[PDB]
Ligand SMILES: COCCn1c(C(=O)O)c(Cc2cccc3ccccc23)c2ccccc21
Ligand SMILES: [Zn+2]
C-alpha cells in the first residue's frame, strides 16, 4: 500500500496473508480475504505449487496468539484466467480445516445483492504490500482510501475491461494498492467489490482490480460444490 495508514490492529479480521511456494524461486506473498471459515478469496496470479494462509495478523513479523497458520488443500484458479490479458484474475483457496472465529479472525460473506458498482465513490483497500517502488513489503497491515475512477482512466491498460474490472485510484495522488497487495479486497461501504490485480511497475495510479460482481456466479459455484 502506497500513501496509506497503518490499520488498527485486527480491525479487518477477514484479511489473509498468503505465502506462496514455487518450485524454482523463493516464497512470494499476496493478500486475500476469508469469505467462509474454510475459503479465502484472492487473485489467480497468486497461485503456486502450495500456499499457506496466516489469519489474525497485524505485524506479520511478530507471532501472536491471534495468528492462525492454515494449510491450503486445494487452489481453485478461475478456469479462464489469462496470463496475457490478465482477465479473470480470481482464485479461491480451500483451507484444510475451518478457521477458528475470534475477535481477530472472522469471515466477510458477500451480501445477497451483486449490483454493478459504477465510478465515483471512495473505497478502501488493505495489504502488507510494498509501500513504494523501491520499498519492501510492510511488516504491518496498511490501508488506503481510493477513488473509483471512470473506465477511461484505465484505458492505457490495453487489456482493461470495464465489465470485468474496476479502475481504482485518482492519478493526481500517489495513493495506491501495489505489489504484494495482490489478492486483497477493495471494500466499498464495508462490502468487498474488488480484488487487487495489477497496475504500473512505477506505481502511478490508477490500478486494476477484479470486479467481484462479475464473478459472483463462479464464486457461488465453487463454494456450493466444495
Ligand atoms: C505474485 O507476483 C507475480 C508477478 N506479478 C505481480 C507482482 O507483484 O510482481 C503482480 C502485481 C502487480 C504488478 C505490477 C504492478 C502492480 C500495481 C498494483 C498492484 C499490483 C501490481 C501481478 C499481476 C498479474 C500477474 C503477475 C503479477
Ligand atoms: Zn494482536
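Here Swiss-Prot sets the residue numbers for chain A, with the shown residues being 22-247 in order.
Method on record in the header is X-ray crystallography, 1.6 Å.
Every residue, even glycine, has its Cβ placed from backbone N, Cα and C.
Features as listed in Swiss-Prot:
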DISULFID  51-67  disulfide bond
ACT_SITE  66  active site, charge relay system
CARBOHYD  80  N-linked glycosylation site
CARBOHYD  103  N-linked glycosylation site
ACT_SITE  110  active site, charge relay system
DISULFID  144-209  disulfide bond
DISULFID  175-188  disulfide bond
ACT_SITE  203  active site, charge relay system
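Candidates 103, 110, 203 (recorded positions) were compared with residue 67 (disulfide bond); those inside 10 Å Cα-Cα are 110, 203. Candidate disulfide-bonded residues: 175, 188, 209. Fewest other C-beta atoms within 10 angstroms, 209. The CA atom of residue 144 (disulfide bond) is located 16 Å away from the CA atom of residue 203 (active site, charge relay system). Comparing C-alpha positions, residue 110 (active site, charge relay system) sits nearest to 66 among the recorded positions 66, 80, 188.
In the three-state DSSP scheme, residue 110 (active site, charge relay system) is classed as coil. The closest partner of residue 203 (active site, charge relay system) among the recorded positions, by CA position, is 51; the full candidate set was 51, 66, 103, 175. Contacts of residue 51 (disulfide bond) defined by a Cβ separation under 8 A and a same-chain sequence distance of 6+ are given as 39, 41, 63, 64, 67, 201, 203, 204, 205, in order along the sequence. Taking the Cα of residue 209 (disulfide bond) as the reference point, the closest of the recorded positions 66, 80, 103, 175, 188 is 188.
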